[PDB]
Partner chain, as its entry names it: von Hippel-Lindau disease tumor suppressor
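Quick setup: one chain, the form deposited without its partner chain, written in structure tokens, and binding and motion questions come after.
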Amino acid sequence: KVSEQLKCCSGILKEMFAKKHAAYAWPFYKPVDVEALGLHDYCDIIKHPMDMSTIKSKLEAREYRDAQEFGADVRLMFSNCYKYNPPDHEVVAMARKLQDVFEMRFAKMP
């Protein structure tokens, strides 16, 4: 069961990285580069930063003990985005589009 669900989770992340979703997924590929982006207050507001590459590394290092732990990291990524940015921000619109993809696949896990 657990190995099966983590297998599915790897398939979900792979979909999220796929060219099909690149136009709204790209901001989540890597850790937020606060210095490059000039986000002086990002670490004041966001205590547990998360991104798709860190999630990929954690999967491949077999650091998730079940699918819900993986699920909580993905949702943390998205929540950090919603916490930091105003609701009308361009990056929030992208986050919700990508969360469409995640939530639909995640719910249909065996």
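Residue numbers count along the first chain shown, from 1.
Just so it is clear, the following notes concern the form deposited with its partner chain bound, a form of the same protein that is not shown.
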message: Whether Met94 contacts its partner chain in the bound PDB entry should be assessed with a 4.5 Å heavy atom distance threshold; does it?
response: yes
| query | Does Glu60 make contact with its partner chain in the bound PDB entry, using a 4.5 Å heavy atom cut-off? | reply | no
Does the 4.5 Å heavy atom contact test between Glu35 and its partner chain in the bound PDB entry come out positive?
yes
Just to confirm, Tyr82 within 4.5 Å of its partner chain in the bound PDB entry by heavy atoms? no
At 4.5 Å by heavy atoms, is each residue in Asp66, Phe106 and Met109 next to its partner chain in the bound PDB entry? no
